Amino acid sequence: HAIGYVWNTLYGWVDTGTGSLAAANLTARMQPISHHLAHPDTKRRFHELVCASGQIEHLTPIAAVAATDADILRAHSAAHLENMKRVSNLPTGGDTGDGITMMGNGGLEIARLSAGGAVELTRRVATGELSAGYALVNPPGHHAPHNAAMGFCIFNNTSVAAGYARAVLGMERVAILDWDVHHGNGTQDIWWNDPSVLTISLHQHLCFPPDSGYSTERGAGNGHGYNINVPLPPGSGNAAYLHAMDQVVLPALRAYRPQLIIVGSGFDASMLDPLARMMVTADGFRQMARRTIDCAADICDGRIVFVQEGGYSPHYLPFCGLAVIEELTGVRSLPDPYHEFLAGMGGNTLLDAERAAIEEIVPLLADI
């Protein structure tokens, strides 16, 4: 089966400045650093591993096409789009609104290519040209709500893709499964009132954004029951994540019957990620991808599009990401070289608090 793969060189050129997360701040005594948390290198190393592993030979490279204004407006307000144009047109770019998420001059180009990468892959998987794909995009998306950029996200890539599959490809139902460790508040916002896009987020409870991602956030109106948050406790590893998959996510998808499953695929739930406290290993992500791809095979003719979200371990992210790619190609050519080191650390036993957190969500399936 033909597996689409998007990497655009510019994805690795996203300028993350000289700060750690916020900018270098002299009065705060936040010393400048050359590797920002969100530095594009982590995602670049993933791409390079896809290549150096030989996975790329089993992949069909798909060129990103710049997401058009029409594309973006299917997920975002006109005001946000205008604002991003405004910010990117600034001489040296600037603040997109949150004081953290920066765009350099002409940075809109990369934002368009990131969203457009998700769209082009979605387009080609929906035509049946490809069976599935991974769009290794950057900047990420899931924090961008309808009317803003946020949390390194300029546009909500997966929502742009979903909105494309809905409006252009005429699909009635699309699901976005987001397993980036942070809450997909942006995706939740965009599709809040809309039952034609089921939005599911697995995330460390209150990791980022603050005060966001409670399971009580279920959508509104016609969209009520079509947003599912699965907030998990810090220290949740493979057992908790797979339990979440098996108890909530896959039942949710099966209940909902999407024509397309889009995965907001971050790897910041990994054992080694600085930006959360979760204990997922490459094998955990492998199993999560395997489960979702199989579900897609069962319920929507295998139509599944992975779209890169977060993840901040330049050491370990590439192997987490590679594991996902291997599940897509079915070519398994490399061990996770950290497996031995991480295997004894824990996370593979479903703890009672993990179980309880997931069980809280099971009643919500009834409303799908």
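Basically, rigid core = biggest C-alpha set you can superpose within 1.5 Å across the two forms. Just count from 1 along the sequence shown to find any residue number.
Remark: when the other structures in 7 other deposited structures of this protein are fitted onto this one via the rigid core, 77-85 deviates more than the alternative among 77-85 and 203-211, judged by RMS CA distance. With 100-108 and 265-273 as candidates, the stretch whose CA atoms show the greater average offset from this form in 7 other deposited structures of this protein after a core fit is 100-108. Higher mean CA B-factor, judged across 88-96 and 243-251 from the recorded values: 88-96. Annotation for 109-117 versus 76-84: the higher mean temperature factor (C-alpha) is found in 76-84.
For the set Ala161, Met103, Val230, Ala135, the PDB entry puts the maximum C-alpha B factor at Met103. The residue among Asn157, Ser215, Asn238, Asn185 whose C-alpha atom has the highest B-factor in the PDB entry is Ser215.
Annotation for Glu326: CA B-factor lies in the lowest third of the chain's modelled residues. For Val6, the recorded CA temperature factor ranks within the lowest third of the chain's modelled residues. Annotation for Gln287: C-alpha temperature factor in the lowest third relative to the rest of the modelled chain, per the entry. Sort the chain's modelled residues by C-alpha temperature factor and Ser270 lands in the lowest third, per the entry. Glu172: CA B factor in the highest third of modelled residues in this chain (values from the PDB entry).
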